[PDB]
Each structure stands twice: as C-alpha cells, then as structure tokens.
Amino acid sequence: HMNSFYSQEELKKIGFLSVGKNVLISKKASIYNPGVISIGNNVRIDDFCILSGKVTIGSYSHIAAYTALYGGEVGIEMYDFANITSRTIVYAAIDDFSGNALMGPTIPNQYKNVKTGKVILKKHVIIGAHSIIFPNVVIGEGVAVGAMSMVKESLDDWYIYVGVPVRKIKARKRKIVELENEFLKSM
Amino acid sequence: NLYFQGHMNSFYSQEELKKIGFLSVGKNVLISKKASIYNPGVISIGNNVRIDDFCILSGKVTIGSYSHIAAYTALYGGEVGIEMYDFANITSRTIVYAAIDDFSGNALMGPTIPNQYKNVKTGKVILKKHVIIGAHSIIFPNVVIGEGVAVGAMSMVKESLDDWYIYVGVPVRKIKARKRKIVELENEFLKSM
Amino acid sequence: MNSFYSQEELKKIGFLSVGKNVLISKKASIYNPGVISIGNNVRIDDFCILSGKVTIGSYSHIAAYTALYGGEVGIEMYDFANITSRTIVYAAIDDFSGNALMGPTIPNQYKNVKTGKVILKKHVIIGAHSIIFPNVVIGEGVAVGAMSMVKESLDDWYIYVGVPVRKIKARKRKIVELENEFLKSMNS
Ligand SMILES: CC(C)(COP(=O)(O)OP(=O)(O)OC[C@H]1O[C@@H](n2cnc3c(N)ncnc32)[C@H](O)[C@@H]1OP(=O)(O)O)[C@@H](O)C(=O)NCCC(=O)NCCS
Ligand SMILES: CC(C)(COP(=O)(O)OP(=O)(O)OC[C@H]1O[C@@H](n2cnc3c(N)ncnc32)[C@H](O)[C@@H]1OP(=O)(O)O)[C@@H](O)C(=O)NCCC(=O)NCCS
Ligand SMILES: CC(C)(COP(=O)(O)OP(=O)(O)OC[C@H]1O[C@@H](n2cnc3c(N)ncnc32)[C@H](O)[C@@H]1OP(=O)(O)O)[C@@H](O)C(=O)NCCC(=O)NCCS
Ligand SMILES: Cc1cn([C@H]2C[C@H](O)[C@@H](COP(=O)(O)OP(=O)(O)O)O2)c(=O)[nH]c1=O
Ligand SMILES: Cc1cn([C@H]2C[C@H](O)[C@@H](COP(=O)(O)OP(=O)(O)O)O2)c(=O)[nH]c1=O
Ligand SMILES: Cc1cn([C@H]2C[C@H](O)[C@@H](COP(=O)(O)OP(=O)(O)O)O2)c(=O)[nH]c1=O
Ligand SMILES: [Cl-]
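Protein chains in written order, with the authors' numbering: chain A, 0 to 186; chain E, -6 to 186; chain C, 1 to 188.
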C-alpha cells in the first residue's frame, strides 16, 4: 500500500541483459525474456505494464501503468529522457490486416504476413496516454505525440503530433535541451 | 530458474485448466494466470486458444478455435453472451459488452443500483469467422460483426457490420473491402493436418 | 466468482474512511489509502489504480482498468457518479510543450507540472476508455462518451463526445426523479 516496486535485491535476480541504478520496477508488471531487456539508470516502470522480448530503455524514463512494449526479436529502443504515458502500446511486429494472410500466435508463420521493424523513441520523446506505435518507425528527437494518437510512420524531429493516424500540429519547444544540460551539470 | 520465476510465460498448465471449471475447454489452450475469469461454468473455449495477461472474461463467453485474445482485453458476456467463431482474433485492450446502461439521463446506472431503476440494453455480440478487432477498440451490445470483417485500432462499433469489409473510426465507417485470400489459406492450412 | 476483499481485509487496508457494502478487487492497486475516503455502496474492479488523494461518495462503480491519480490536490466523486472501464483521471500532469522536463524521474525544479482538483458532480457518467485532465469540474449530470478527452470543465446536464470533447446534446433529468424515488423507497 506504499509502493509495488522490486528491491534492488530482487531486481538483480530477474536476469536482465543489463539494469542500472535507481530502477523502480513494479511487481505487478510482466517481464518476458528478461535476458534481452536492457534498462539504464533512473527508470520507473509501473503496475500492469508488459515488457516482452527485445526492449532497450536508457536513463531518466518513466513507463507509466498499463503500457505494453512488444519488442519481439527486432526490438524497441528508447533513448535518454524518453517517457511513455499510461496505457500505450508499442509493437515491433504486427499481423497483416488486409485479408491477404492468416493472423496471430495460434497460426504458423508460413500462412501469415507479419510486418516487423525496430522501433526507436529518440531523446526527449513523450508519448501521450492511450497511444499506439506501429512497427518500423522512429519517433523523432523531441517529438510529443498527444493522447489517443496512432503512429504508423516515422515522425520528424521536434514536432507535436495528434490524432488517428497522427498529423503535425505545432513545433515542440526546445527549452528542454537547455534544461537537460542544466540538470546534468547540477549532477 | 526463468520459467519458475515467471519470466517465460504466465499460462496455466493443462492440469490447472481443468480445475477452473469451464463449461468446455479444448486442447492447446494457453490462458494467463494474470487474466480474470468469472463464472467459468458458462464459459467455453475450443482448441488452439491463447488469452493473455490482464484480460477479463466474465459471464457467458464462447470462443471457438485458432483465436488469440490479447492482453488487457475484457469480454463482458453477462447472461446474453459473446460468441467468437473460428479464426477470430481480438488485439490488445479491446472491450466487448453484451450489456450496457442507458446514458441518456432517463435511467440510473451500474451495479450499485437495483434494476427497476435502470434501463440496461442487452444483446448477443457475435464475431463471425476470420474477424479481427484492432487494438484499443470497443464493441457494444447486440452487434453482429460479419465474417472476415477487420475493425481498425481505436474504433467504436455500435451496429452490425457487413461481411468482408474494413471499418475504422469512432463510430466506425466502412473504408474498403477486406481481401479474401484468407479463405484459401484456411483451406490450405487445414488440408495439411 | 469474485475477487473482492472481505470486510476483514478492508479494515486492514487503512483507508482514511470506508463505508458499508464496499466491494474492492484484490487485483486493484491502492496507494496511500491513508488519504482515500470511500462512502457506501461502492464497487472498484480488477486492475484499477487509486493513488493519492481520492474521495468517492456512495452508489458509484469504478469499472476495471480505471486509474485515478489524485496526487496531493485530489480527485473527488459525488454520489451516483460512475466511471466505466479503462478511464484515466489525472489531478496532475506534465507540461507537454517542450518548456520543461517531464515525469517522476526528474526533480520538480526542472518540470512544469499542472495540478488542480478534479471533481465529478452527482450523476456524472464517464464513458469507457476516456481521459480527464487536471483542474476540471465535470458538471452535475454530464455524460462523456467513450474515448473522450476532457481538458476543461464541462457544463451541467449535457452529453459530450470526442477528442477533445464537444457538447452534442442535453442530458435528461429524469435520473434525479429516480434518485429520489430510490432513496425514498430505502427509508420507509
Ligand atoms: C497534444 C496536446 C499537448 C496539445 O495541446 P495544446 O498544445 O494545448 O493544443 P490544443 O489543445 O490547442 O489543440 C490544438 C489542436 O489539436 C487538437 N488536439 C489536441 N490534442 C489532441 C489529441 N490528443 N488528439 C487529437 N486531436 C487533438 C485540438 O482539437 C486542436 O485542433 P484544431 O487546431 O483543429 O482546433 C494535448 O492535447 C494532449 O494531448 N496532451 C496529452 C497529455 C497526456 O497524455 N498526459 C499524461 C502524462 S503526464
Ligand atoms: C485499419 C487499418 C488496417 C487501415 O490501414 P490501411 O488499409 O493501410 O489504410 P490507410 O492507412 O491508408 O487508411 C485509409 C483511411 O482510413 C483512415 N484510418 C486508417 N486507420 C484508421 C483508424 N484506426 N482509425 C480511424 N481512421 C483510420 C486513414 O486516415 C485513411 O483516411 P482517408 O481516406 O480519410 O485518408 C490500419 O490503419 C489499422 O488500424 N490497423 C490496426 C492494427 C492493430 O490494431 N494491430 C494489433 C496487432 S497484430
Ligand atoms: C455518447 C453516446 C451516449 C452517444 O450515443 P447517442 O446519443 O445514441 O448519439 P449518436 O450515436 O446519434 O451520436 C451523436 C453524434 O455523436 C457522435 N458520437 C457518438 N458517440 C461518440 C463518441 N463516443 N465519440 C465521438 N463521437 C461520438 C456520432 O458520430 C454523432 O455525430 P453526428 O451527429 O456528427 O452524426 C454513445 O455514443 C457513447 O459513447 N456511449 C458510451 C457507452 C459506454 O462507454 N459504456 C460502458 C459502460 S455501461
Ligand atoms: C502508479 C503506481 C504508483 N506506485 C506508488 C509509487 C509512487 O511513488 C507512488 C505515487 O505514484 P503516482 O500516484 O504516480 O504519483 P507521482 O506521479 O507523484 O509519482 O505510488 C506504485 O508503486 N506503482 C504504480 O503503478
Ligand atoms: C503478452 C504475453 C506474453 N507471454 C509470454 C509467452 C509468449 O509466448 C511470450 C511472447 O509473447 P509475445 O511477446 O506476445 O510474442 P509473440 O507475438 O511472438 O507470441 O511471452 C505471456 O506469458 N503472457 C502474455 O500476456
Ligand atoms: C469485472 C469484475 C467482476 N467480478 C465478479 C463479481 C461480479 O458480480 C461478477 C460479474 O460482474 P460483471 O461481469 O461486471 O457483471 P455485472 O455488471 O452484472 O455485475 O464477476 C469481480 O470480482 N471483479 C471484477 O473486476
Ligand atoms: Cl488497460
């Protein structure tokens, strides 16, 4: 009733590819194939998140509650100061919706048409709540995507995007870069 | 170590499945221990089914065979029921309701209020063969989703949908026909068993 | 059958206050119950998160997956308010503009958190998969539809839909007549 996080002790026992310092992971999150999951320093991952398969997170990042990172074999990577708000999904693989293929994990590979590609969230990216990020996209440096937004293509740096599928609505301010430097100085 | 630490998968053993009390459960059935199943005596499931973490199945729910019910998905079947036919699949974080309250302001609402004061709209939800429901979608009561229909991510379905079309939006609109190459694939895949 | 805590388990949780016929999932998360007040006849379902200052009245259903982050300012729901599944209510959020660093991994002085009490008045219903931002008063009798986003207070007795929401029709007031009927039948 205070917090649900693993102790540093139990964290070491999960078997992550790598795990940094001050990492707070919820016991109510699911972690599958931790040997291909790498986490930097100062990371928080909240209840009912799912990390599955190849996932790489840097430093100063919050993965809020209910968020699913399906990294598959090609991987999802987040850079430093990226953050994901609650209930987001990031897929590195998805089934073909068109009608040209059978679908999903109960069906063999030879009948499906899985679309796959590494997803990267560059530095300072923020993903708004209830959003969905499709495979093989780079979310540009300093990009913000609004709540309930859907991204199927890579996003140009330093813009704010909204909607389903997203469209660009205004520049993201770049004062956070100064703040990053100021913050890192003080440390 | 990994398997027993809970970091390979979360599914019940087949021994455990039997102890849950499903009306009917098939072979090769993988259900997360982190899903919630309420009133398993009215729930039945065919063969080759996977139901992921944090799903909820409550009340009358019938799933056939070769179906994935992805993580966070809730199926509230109540007394009227939700049925999915074979090769139907539902992506993450979908909700299907066989009953909802009246939003108009003409009735009181939800499970803390007695029924005489409510005006619950109920009706069976059927997803026919090869239906795919994209992530973060909502299906409302008394809806038939026709054979081969695809609903896009973040879509809301309040009416029955025509077979073999793709629909998107809130509420959904028809955008293009679904291809039917899958009808061949099904035949070819079953023909090698 | 059901996942609710017993009366005995509820009292071990430590709520600032908790009423009778309160049905709370064991698979929900409650953080800082010390600042959480709940009235009578309340149901909170699987995979809910209530964290920080949250006050709920009576005759309210918080459906599954719903997160209420009250932080320090608080979230408050008045009687007969209800929240359908997978809603988020935030009493604080980060500045998205690019003028401020973001989130719990960063000290306050580099961030620009907007904070303010969120209030849902009597007979409010929030449709599934919706988001309510800080410092919003949802007026008495408001319905917001599924997949709504609400960034600003909403006028009483209207139905709103969309992202961000727009007012589409009046909500009917018969529900107040039913409220008084129901309450009357329960006192005599
Ligand atoms: C994206 C966002 C930052 C934009 O807010 P803003 O800069 O104040 O912009 P506005 O509210 O003026 O909207 C500008 C345009 O975008 C639309 N819009 C804003 N947010 C949108 C969204 N999430 N989806 C679709 N459209 C949206 C507005 O309707 C407006 O459209 P118009 O020009 O056609 O009128 C904000 O709406 C948002 O989505 N924040 C998400 C917060 C969150 O998820 N937080 C959780 C973690 S701390
Ligand atoms: C529905 C879907 C298949 C359509 O993709 P597509 O056939 O490539 O079509 P496009 O991307 O060209 O979109 C066609 C139109 O529909 C709109 N659209 C596409 N997807 C939409 C959605 N999910 N919601 C609302 N509108 C959508 C597009 O904006 C475009 O509109 P326009 O005609 O006004 O320009 C795809 O966008 C989608 O939603 N896939 C869901 C995948 C998923 O949820 N997967 C889970 C894991 S396996
Ligand atoms: C909001 C709601 C009550 C409106 O239903 P309705 O009064 O029957 O109205 P309609 O279906 O005619 O829609 C009116 C307009 O709103 C739009 N609309 C309806 N619901 C919408 C929604 N959730 N988001 C965005 N637009 C919506 C319609 O497209 C229509 O637009 P138009 O006039 O431009 O054609 C209903 O659509 C809804 O969202 N219900 C949510 C139920 C739920 O969440 N339940 C779970 C717990 S019991
Ligand atoms: C959301 C969440 C919170 N908590 C605990 C740890 C947090 O320090 C505390 C408050 O979190 P939260 O309510 O998100 O507030 P803040 O944004 O101010 O950190 O509750 C968890 O343990 N797991 C969770 O999933
Ligand atoms: C999503 C999820 C995965 N898993 C485990 C078992 C899966 O075989 C493994 C990977 O699943 P997933 O990451 O969905 O990959 P794929 O689409 O390739 O099957 O993770 C669970 O146990 N429960 C879950 O809810
Ligand atoms: C959704 C849910 C149901 N249940 C149990 C108790 C409920 O009475 C039962 C059926 O609930 P539900 O399917 O929500 O139906 P209704 O609206 O008719 O109450 O399942 C839980 O214990 N926790 C849950 O989160
Ligand atoms: Cl969710």
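Note that the Cβ used here is the ideal one computed from N, Cα and C, for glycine as well.
Closer than 8 Å to chain A by CB, residue i
i         : result
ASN135(C) : no
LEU10(E)  : no
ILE13(C)  : yes
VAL89(E)  : no
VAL22(E)  : no
8 Å Cβ cutoff, residue i in contact with chain C
i         : result
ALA100(E) : yes
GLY34(E)  : no
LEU178(A) : yes
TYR110(E) : yes
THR105(E) : yes
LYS174(A) : yes
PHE4(A)   : no
beta-carbon residue i near ligand 4 non-hydrogen atom, thresh 7 Å
i        : result
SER25(C) : no
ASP94(E) : no
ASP46(C) : no
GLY14(A) : no
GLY71(C) : yes
CB contact below 8 Å: residue i versus chain E
i         : result
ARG166(C) : no
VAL54(C)  : no
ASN187(C) : no
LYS27(C)  : yes
beta-carbon residue i near ligand 3 non-hydrogen atom, thresh 7 Å
i         : result
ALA146(C) : yes
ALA143(C) : yes
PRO134(C) : no
Closer than 7 Å: residue i CB and nearest ligand 1 heavy atom
i         : result
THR115(C) : no
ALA128(A) : yes
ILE88(A)  : no
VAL22(E)  : no
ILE75(C)  : no
Proximity test, residue i beta-carbon vs ligand 2 heavy atom, cut-off 7 Å
i         : result
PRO104(C) : no
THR84(E)  : yes
Per-residue contacts from residue i into chain A (C-beta, under 9 Å)
i          : result
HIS129(C)  : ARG86, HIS129, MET147
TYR65(C)   : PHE47, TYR65, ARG86
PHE96(C)   : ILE125, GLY127, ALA143, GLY145, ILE159, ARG171
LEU154(E)  : Under the 9 Å cutoff, chain A gives no residues; its nearest Cβ is about 14 Å from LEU154(E).
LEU(-5)(E) : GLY14, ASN32, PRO33, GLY34
Any non-hydrogen atom of ligand 5 within 7 Å of residue i CB
i         : result
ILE168(A) : no
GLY52(A)  : yes
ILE49(A)  : yes
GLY34(A)  : no
Residue i Cβ short of 7 Å to ligand 6 heavy atom set
i        : result
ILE30(E) : no
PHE4(C)  : yes
Under 7 Å by beta carbon: chain E residues contacting residue i
i         : result
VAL163(A) : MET147
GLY116(A) : Within 7 Å Cβ-Cβ: nothing; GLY116(A) doesn't reach chain E, min ~18 Å.
Partner residues on chain C for residue i, Cβ-Cβ distance less than 7 Å
i              : result
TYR59(A)       : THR105, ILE106
residue 222(A) : Because chain A is modelled from 0 through 186, residue 222(A) falls outside the range shown and cannot be assessed.
Chain-ordered chain A contacts of residue i [CB-CB under 7 Å]
i        : result
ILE30(C) : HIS0
Contact set between residue i and chain E, taken where Cβ atoms lie within less than 8 Å
i         : result
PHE182(C) : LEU101, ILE106, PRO107, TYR110
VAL42(C)  : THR105
Problem - Lining residues of ligand 7 - beta-carbon closer than 6 Å to any non-hydrogen atom, in sequence order - result: In chain order, the qualifying residues are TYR65(A), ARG86(A), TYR65(E), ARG86(E), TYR65(C), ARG86(C).
Exercise for the section: Go through the region 28 to 83 of chain C residue by residue and report every complete run of the beta strand (DSSP E) that reaches 3 residues or more, in order. Expected result: Along the length of the region 28 to 83 of chain C, whole beta strand (DSSP E) runs at least 3 residues long occupy 29 to 31, 36 to 38, 42 to 44, 49 to 56, 60 to 62, 67 to 77, reported in chain order.
Practice task
Could I get the ranges of all uninterrupted beta strand (DSSP E) runs contained in the region 107 to 176 of chain E, with 3 residues as the minimum, in chain order?
Solution key: List check, beta strand (DSSP E) in window: 118 to 120, 158 to 161, 166 to 170.
Problem - Any alpha helix (DSSP H) of 4 or more consecutive residues that is wholly inside the region -2 to 23 of chain E - result: Within the region -2 to 23 of chain E, complete alpha helix (DSSP H) segments of at least 4 residues are found at 7 to 13, given in chain order.
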